[PDB]
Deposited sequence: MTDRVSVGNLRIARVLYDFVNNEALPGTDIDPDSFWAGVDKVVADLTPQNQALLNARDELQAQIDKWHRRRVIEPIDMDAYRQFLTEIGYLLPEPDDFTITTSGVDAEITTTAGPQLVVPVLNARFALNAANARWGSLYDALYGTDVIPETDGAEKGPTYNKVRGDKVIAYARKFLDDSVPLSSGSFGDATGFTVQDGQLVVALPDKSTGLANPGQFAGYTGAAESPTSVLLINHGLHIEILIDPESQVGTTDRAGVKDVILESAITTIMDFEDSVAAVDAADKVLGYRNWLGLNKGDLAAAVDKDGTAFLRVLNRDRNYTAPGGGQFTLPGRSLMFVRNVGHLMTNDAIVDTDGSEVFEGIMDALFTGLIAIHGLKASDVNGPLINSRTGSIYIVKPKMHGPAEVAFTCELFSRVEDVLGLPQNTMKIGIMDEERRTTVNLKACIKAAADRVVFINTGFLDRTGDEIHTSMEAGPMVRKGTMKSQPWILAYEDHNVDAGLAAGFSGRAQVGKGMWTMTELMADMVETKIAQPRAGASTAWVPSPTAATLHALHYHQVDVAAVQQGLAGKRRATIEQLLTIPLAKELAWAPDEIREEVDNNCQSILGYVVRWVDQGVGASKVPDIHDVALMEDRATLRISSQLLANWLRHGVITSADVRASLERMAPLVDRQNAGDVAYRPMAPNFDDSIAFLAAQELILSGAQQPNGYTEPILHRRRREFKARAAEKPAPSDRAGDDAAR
């Protein structure tokens, strides 16, 4: 049909054509030595991949047994885990040796953006979100309360605009402070002899710390803009009295631009639905556009030029340093199949194909104008790993792709996600396994909750979904992550990252609460939009991360006993109503996500919950919900009759909460509905509670039954 024959591999034509005509040219790599390398690498590495997945299952079953066979004694649970190799011994202290890393990762602290790579429009904006308007972000979201007078209507509201402006002025004061006065009384900006002087109504002043003055545009007397700096992040004041917002401003300021999303993660994993070669080629084509510099729908902003505080003409990068998030070790994709017809490990494929593609990010001009890494590294996030032997295996896999691609060893750097229990209680061993390729560690708290629930499925009922964020195990897990990174010398070398803020409409809540992440010494945290990146940039001007990290070293705040504390609910924990509610809540979350996945191949979007509070979540949330319900089922809390009633109930609301095809009132005809049912009912049987097998299968079912 459409398969090409390369050795033991039968590649899909769409993939074979794309790689040949689009990816390879300019890579200075013979289009034949490559595919041989694909064939070799697949053949040689497929064993160990399959052996590691078997290890997971073997381990999972011993744990299922120990709980079935009955209290809960911590010291016993701990000895058992050690006995089974689950809980490996902790290595001697060390320091990572990664090099060739850009400043956005080794040094800068600031928000990290995650965008689905199959959406070029999102992917463009995310790349362009290195710089963002603070007026926009304040005006458009509820950071400035829509009280009275300040309501946000079809036209621009001057009262609301004044409210934004005051917010930004107060921000300026608390970031680049004046030696005397306050930006809110300022009337003009000039640069005179390399210093910056702010025209106050009664006098003039400079910055308290004059070094925070980074540059400017336009003539030094009537500057177009003035560039500030705090905590290694740039602030830009756009000056134009001629403008709309300009005339109303006491110093004629049009805007304040913040350096926001310092890095972005282009995603092939949980934020996309890609079940075939057709799907993977789209994301591949976009990642290529991104690496060349020519992705268009609206284009990638080019770099920003400035005048240094004297006369020199420097430049700043206009884009976010891009990572790519490959899929993990579990799934296979039929984009490539062997002679017997077995599907090829998608993880190995992603390494070969995202690595190849990223070579363009390394070179400018002719067959792309734009450069990702200034230092010659390729940044890859590797999710869903369980233990140091799976980290090691990812090293080796990268070592081999490099050989195939002809890059120096250690080019491809790894972004380690701490989002599986077996990784968590062995994190030091995971970092040691990747000591010379590791550019971050990051707490993937949602997936981590999923694994947490599935690992102890046979122990008893779990606490509700909302109760998880406050649990002893997850607070220990968050801190433990930071101690290990800092111990291994991440400060000034690698990022130390935290999770995603899914409540996309609740920005005031984000601005008030997300500050805790850098306060815990994390040099980066995840946001789901360019706007939330700008707002989360504020926290880094408020919190000196370098120092928090500095005064956290040497400390150990988690014990293994705290990590291993299973989030079990106590006896008589819940009234009948709180259960019905939690059931309805998970069924609506599962329904509204799965329906967009199977029917439209959307892996991440703005989906309203039960109360229409819009949440932008991905498969990790689904993994939590479906595993939670599955767990309550397994342990008596609810029945099978209950699940169906809830699904049946929530379905028509999801339909009304949404091109779209309604699941109600015809339930066993919607493949999506049958998927959401399967996810819950087959939940305990899924390997590690993983949601992709069912999802992939059911999406492919939808694709087929729609061709005619």
(request) Any chance you could give me the deposited-sequence numbering of all the stretches lacking C-alphas? (result) 1, 72-74, 302-311, 382, 674-677, 728-741
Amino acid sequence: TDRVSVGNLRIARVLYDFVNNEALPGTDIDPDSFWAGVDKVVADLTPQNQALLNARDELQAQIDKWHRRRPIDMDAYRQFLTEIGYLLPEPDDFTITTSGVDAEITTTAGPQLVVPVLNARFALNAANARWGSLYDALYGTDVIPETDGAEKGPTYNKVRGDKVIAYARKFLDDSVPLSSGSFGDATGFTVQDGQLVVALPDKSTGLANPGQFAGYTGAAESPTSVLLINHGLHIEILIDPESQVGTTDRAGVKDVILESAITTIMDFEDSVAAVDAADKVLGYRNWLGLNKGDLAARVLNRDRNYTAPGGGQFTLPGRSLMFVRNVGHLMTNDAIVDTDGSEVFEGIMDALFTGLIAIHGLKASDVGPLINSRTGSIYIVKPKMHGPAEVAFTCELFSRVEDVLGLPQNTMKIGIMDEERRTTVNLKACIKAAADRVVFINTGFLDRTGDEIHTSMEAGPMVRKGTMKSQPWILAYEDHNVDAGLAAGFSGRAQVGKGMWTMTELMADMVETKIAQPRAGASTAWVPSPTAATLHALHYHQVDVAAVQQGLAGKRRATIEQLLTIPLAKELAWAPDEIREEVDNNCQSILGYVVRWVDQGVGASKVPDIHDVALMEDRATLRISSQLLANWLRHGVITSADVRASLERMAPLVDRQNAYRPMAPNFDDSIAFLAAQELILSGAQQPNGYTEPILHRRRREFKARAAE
From here on, numbers count along this sequence of modelled residues.
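So that the term is clear: the rigid core is the largest set of C-alpha atoms that superpose within 1.5 Å between two forms.
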(message) Which of the two stretches, 611-619 versus 185-193, has its Cα atoms farther on average from this form in 7 other deposited structures of this protein when everything is superposed by the rigid core?
(response) 611-619
(message) Out of 322-330 and 305-313, which one drifts farther from the shown form in 7 other deposited structures of this protein in terms of CA positions, with the fit done on the rigid core?
(response) 305-313
(message) Is it the case that, in at least a third of the other entries compared (those modelling both flanking residues), residue 525 has no coordinates?
(response) no
(request) Decide, for the other PDB entries of this protein that were compared, whether residue 636 is missing from at least a third of their models. (result) no
(request) State which stretch shows the higher mean Cα B factor in the entry: 124-132 or 177-185. (result) 177-185
(request) Look up the CA B-factors in the entry and say which stretch, 535-543 or 611-619, has the higher mean. (result) 611-619
(request) Using the entry's values, work out which of 303, 577, 419, 458 has the largest Cα B factor. (result) 577
(request) Choose from 679, 672, 51, 38 the residue with the greatest Cα B-factor as stated in the PDB record. (result) 672
(request) Classify residue 390 as lowest, middle or highest third according to the C-alpha B-factor given in the PDB entry, relative to its own chain. (result) middle
(request) Going by the recorded CA B-factors, say which third of the chain residue 167 sits in, lowest, middle or highest. (result) middle
(message) Please say which third, lowest, middle or highest, residue 469 falls into when its CA temperature factor is compared across its chain.
(response) middle
(request) Consider only the C-alpha atoms of the modelled residues in this chain, order them by B-factor as the entry records it, and name the third containing residue 94: lowest, middle or highest. (result) middle
(request) Using the B-factors in the PDB entry, rank residue 594's C-alpha atom against the chain and give the third, lowest, middle or highest. (result) middle
